[PDB]
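Some notes on the structure that comes next.
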Amino acid sequence: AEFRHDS
Amino acid sequence: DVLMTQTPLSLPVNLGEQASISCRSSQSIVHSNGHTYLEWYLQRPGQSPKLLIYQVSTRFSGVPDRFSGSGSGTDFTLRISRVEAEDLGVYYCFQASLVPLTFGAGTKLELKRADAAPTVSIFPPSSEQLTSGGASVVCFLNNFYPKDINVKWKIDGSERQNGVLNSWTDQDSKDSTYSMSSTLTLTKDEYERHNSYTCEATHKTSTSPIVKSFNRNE
Amino acid sequence: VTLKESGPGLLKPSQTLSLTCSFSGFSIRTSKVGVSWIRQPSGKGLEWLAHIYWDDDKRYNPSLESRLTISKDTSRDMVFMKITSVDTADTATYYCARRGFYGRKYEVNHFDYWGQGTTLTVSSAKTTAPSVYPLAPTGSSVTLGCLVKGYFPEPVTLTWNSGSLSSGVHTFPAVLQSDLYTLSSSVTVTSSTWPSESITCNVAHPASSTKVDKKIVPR
């Protein structure tokens, strides 16, 4: 599962 | 999970030479957002890790241009163009695209020197220890290079793998060598049952293992 | 920007570890940086444990997740970690690392600042004085040693002839085994030096207020 990265 | 495989794990270098560390991920670490969260960190001896490179090839602020990262997908390389003393330490690649975030095992960039044979010494239990009911046999392997070495204990010709405590010094700050200490701890009762005690060292500087032994009754 | 970890130093197996990371030079609230805990177990590399985002969303390393709880207090500018049921293998340095970013580009983030870390040793042992044993052995030099066995906690101090003998000494890092530390040191001198002159291992273990001077004497 991907790590969250905000935009 | 994403396994991060660094090669080599040990990288002796002469100052002023170039160096290269490969990092392979077990699957693509391209994130769905379009970035590849591949980072290089350096941990200098006795210091906290610090950021060198992020997004594969962008140098962090204050990191000099002799460092360069390249690669894509799973295939990543850190190059250092002219190694300085400040560059020595443990290099980790790191992926922050998939959970768990994972580090490589670490690549130890160290100061190279010529090979050197260990000087090996073996020590019977002290009288004081024996009187307390214990019996430790100590073997010192001093001033060798490179760090890779195999130490084997035998008692009356039979290898003992259990009851062993090993420790290694950091690379000497003057002569660049390593040393090791190995302690085999038995009871007094066990010690008094056996005769011959042997510390055997296999190192690249000898075509045969370096053997030091004694007999309990000498 | 500074990060400062705090933790108990020593714990017994089964206790809960509570760590704190405190930030200076900026505001967790305003910056919205994510924060992770990473550890370095004895003799190993780095291992990521947990991460907390500005809105209290969290991610964990599955290998330890069941034992981990990360949290934050924006009013105090602090991030916390709890690790339940500590055992020997939790003996490590614990780092706080800020996932800072370039400008307002939240997506261009990375661990830009790390604390000095906090070291934890997990052991059942109460304060224990070492036993200190002399290691005595034809040729031009002789190598002697000193075995400092079964103490807790760190550190011990070891010198040879009250610090006057320094050349040819190797003092080995302590190792924790079965809840107690062992350390050792070797010294090499010319055969004309010993046993004609005394050579003594001076060992102090401040936690137990023990000071022992062990002369190395021939067998």
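Residue names in the structure tokens use chain letters A, B, ... in the order shown, residue numbers from 1 in each chain, and ligand numbers from 1 in the order shown.
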
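Using only C-alpha atoms, the contacts of residue B:33 at a cut-off of 9 Å, with sequence neighbours closer than 3 positions omitted, comprise residues 5 of chain A; 30 and 36 of chain B; 107 of chain C.
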
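If we count only C-alpha atoms, these residues of chain C sit within 8 Å of chain A: residues 59, 105, 106 and 107 of chain C.
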
How would the residues just chosen look if you wrote them out with N, CA, C and O atoms as a PDB file, in the first residue's frame?
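Dumped everything to out00.pdb:
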```pdb
ATOM      1  N   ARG C  59       0.713   6.005   9.767  1.00  0.00           N
ATOM      2  CA  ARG C  59       1.109   4.760   9.078  1.00  0.00           C
ATOM      3  C   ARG C  59       2.194   4.080   9.928  1.00  0.00           C
ATOM      4  O   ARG C  59       3.018   4.750  10.569  1.00  0.00           O
ATOM      5  N   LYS C 105       5.666  23.040  -1.661  1.00  0.00           N
ATOM      6  CA  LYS C 105       5.514  21.825  -2.462  1.00  0.00           C
ATOM      7  C   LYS C 105       5.458  20.631  -1.521  1.00  0.00           C
ATOM      8  O   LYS C 105       6.458  19.956  -1.282  1.00  0.00           O
ATOM      9  N   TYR C 106       4.263  20.410  -0.974  1.00  0.00           N
ATOM     10  CA  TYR C 106       4.038  19.339   0.001  1.00  0.00           C
ATOM     11  C   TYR C 106       4.481  17.970  -0.492  1.00  0.00           C
ATOM     12  O   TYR C 106       4.906  17.140   0.307  1.00  0.00           O
ATOM     13  N   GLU C 107       4.415  17.750  -1.807  1.00  0.00           N
ATOM     14  CA  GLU C 107       4.692  16.448  -2.368  1.00  0.00           C
ATOM     15  C   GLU C 107       6.216  16.191  -2.520  1.00  0.00           C
ATOM     16  O   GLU C 107       6.641  15.054  -2.701  1.00  0.00           O
TER      17      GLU C 107
END
```

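Take atom CA of residue C:161 and atom CA of residue C:134: the distance between them is 13.3 Å.
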
### Query
When the cut-off is 9 Å and we count only C-alpha atoms, which residues of chain B are near chain C, given as number ranges by chain?
B: 33, 35, 37, 39, 41, 47-51, 54-55, 60, 90, 92, 96, 99-106, 121-129, 136, 138, 140, 142, 165-170, 179-181

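In this structure, atom CA of residue B:198 sits 25.7 Å away from atom CA of residue C:180.
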
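Taking only C-alpha atoms into account, residue B:160 lies nearest to B:185 out of the set B:95, B:27, B:58, B:185.
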
### Message
Just to confirm, what's the straight-line distance from atom CA of residue B:133 to atom CA of residue C:148 in Å (one decimal)?
### Response
15.9 Å

#### Entry: strand (DSSP E or B) positions in stretch 57-218 of chain B, given as a PyMOL selection string
chain B and resi 58-59+67-72+75-80+89-95+98+102-103+107-111+116+119-123+134-145+150-155+158-160+164-168+178-187+196-202+210-215

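In terms of minimum interatomic distance to chain A, B:98 ranks closest within B:93, B:98, B:63, B:13, counting only C-alpha atoms.
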
### Query
Looking at B:162, B:25, B:32, B:68, which one is nearest to chain A, with distances taken over only C-alpha atoms?
B:32

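Remark: for chain A, the closest of the candidate residues B:206, B:215, B:28, B:182 is B:28 (distances computed over only C-alpha atoms).
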
### Query
What's the 7 Å shell around stretch 10-17 of chain C, counting only C-alpha atoms, without same-chain residues fewer than 6 positions away, as a PyMOL selection string?
chain C and resi 82-88+120-124

### Query
So which bits of stretch 33-212 of chain B end up alpha helix (DSSP H) when you DSSP the backbone, as a VMD selection string?
chain B and resid 127 to 131 188 to 193

### Query
Can you list, as a PyMOL selection string, every protein, DNA or RNA residue that comes within 8 Å of residue B:153 when you count only C-alpha atoms, leaving out same-chain residues fewer than 5 positions away?
chain B and resi 159-161+184+197-200

Print the selection's residues with N, CA and C atoms to a file, as a JSON list (two decimals), in the first residue's frame.
```
[["chain", "number", "residue", "atom", "x", "y", "z"],
["B", 159, "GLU", "N", 34.43, -28.07, 17.58],
["B", 159, "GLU", "CA", 34.04, -26.68, 17.48],
["B", 159, "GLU", "C", 32.95, -26.32, 18.50],
["B", 160, "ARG", "N", 33.12, -25.19, 19.19],
["B", 160, "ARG", "CA", 32.10, -24.66, 20.09],
["B", 160, "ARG", "C", 31.53, -23.38, 19.48],
["B", 161, "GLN", "N", 30.24, -23.37, 19.19],
["B", 161, "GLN", "CA", 29.55, -22.18, 18.67],
["B", 161, "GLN", "C", 28.78, -21.44, 19.76],
["B", 184, "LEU", "N", 34.74, -17.05, 25.10],
["B", 184, "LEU", "CA", 33.97, -18.29, 25.30],
["B", 184, "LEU", "C", 33.81, -18.53, 26.79],
["B", 197, "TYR", "N", 42.38, -26.06, 24.33],
["B", 197, "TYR", "CA", 41.53, -24.93, 24.01],
["B", 197, "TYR", "C", 42.19, -24.16, 22.90],
["B", 198, "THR", "N", 41.41, -23.91, 21.85],
["B", 198, "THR", "CA", 41.92, -23.38, 20.59],
["B", 198, "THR", "C", 41.03, -22.24, 20.05],
["B", 199, "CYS", "N", 41.71, -21.16, 19.66],
["B", 199, "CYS", "CA", 41.16, -20.02, 18.93],
["B", 199, "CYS", "C", 41.78, -20.08, 17.54],
["B", 200, "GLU", "N", 40.94, -20.15, 16.51],
["B", 200, "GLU", "CA", 41.38, -20.30, 15.12],
["B", 200, "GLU", "C", 40.78, -19.17, 14.29]]
```

### Task
Skip residue C:203 itself and residues of its chain fewer than 4 positions away, then list as number ranges by chain all residues within 9 Å of it, counting only C-alpha atoms.
C: 130, 132, 148, 156-160, 210-214

So that I have them on file, write out the residues from the current selection with N, CA and C atoms, as a compact mmCIF listing (two decimals), in the first residue's frame.
```txt
# COMPACT_ATOMS: atom_id res chain seq x y z
N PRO C 130 30.77 -5.09 38.08
CA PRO C 130 31.44 -6.10 37.29
C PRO C 130 32.34 -6.96 38.16
N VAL C 132 36.11 -8.22 37.67
CA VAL C 132 37.24 -7.83 36.83
C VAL C 132 38.36 -8.83 36.96
N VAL C 148 36.07 -7.62 31.96
CA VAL C 148 35.17 -6.89 32.86
C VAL C 148 33.80 -7.46 32.57
N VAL C 156 31.29 1.45 31.93
CA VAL C 156 32.47 1.33 32.76
C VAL C 156 33.60 2.19 32.17
N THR C 157 34.58 2.53 33.00
CA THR C 157 35.81 3.15 32.54
C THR C 157 36.98 2.20 32.80
N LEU C 158 37.84 2.04 31.80
CA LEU C 158 38.99 1.19 31.94
C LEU C 158 40.22 1.94 31.48
N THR C 159 41.23 1.93 32.33
CA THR C 159 42.55 2.45 31.98
C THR C 159 43.63 1.43 32.40
N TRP C 160 44.83 1.65 31.85
CA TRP C 160 46.02 0.82 32.10
C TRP C 160 47.08 1.71 32.74
N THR C 210 31.85 1.13 42.19
CA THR C 210 32.96 0.16 42.30
C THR C 210 34.21 0.69 41.57
N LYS C 211 35.37 0.48 42.16
CA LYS C 211 36.65 0.85 41.57
C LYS C 211 37.59 -0.30 41.89
N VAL C 212 38.12 -0.97 40.87
CA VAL C 212 39.01 -2.10 41.10
C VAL C 212 40.30 -1.86 40.32
N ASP C 213 41.44 -2.13 40.94
CA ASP C 213 42.73 -2.12 40.26
C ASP C 213 43.28 -3.55 40.26
N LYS C 214 43.31 -4.19 39.08
CA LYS C 214 43.77 -5.57 38.91
C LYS C 214 45.15 -5.62 38.24
```

#### Entry: Given only C-alpha atoms as the counted atoms, nearest of B:73, B:34, B:157, B:118 to chain A
B:34
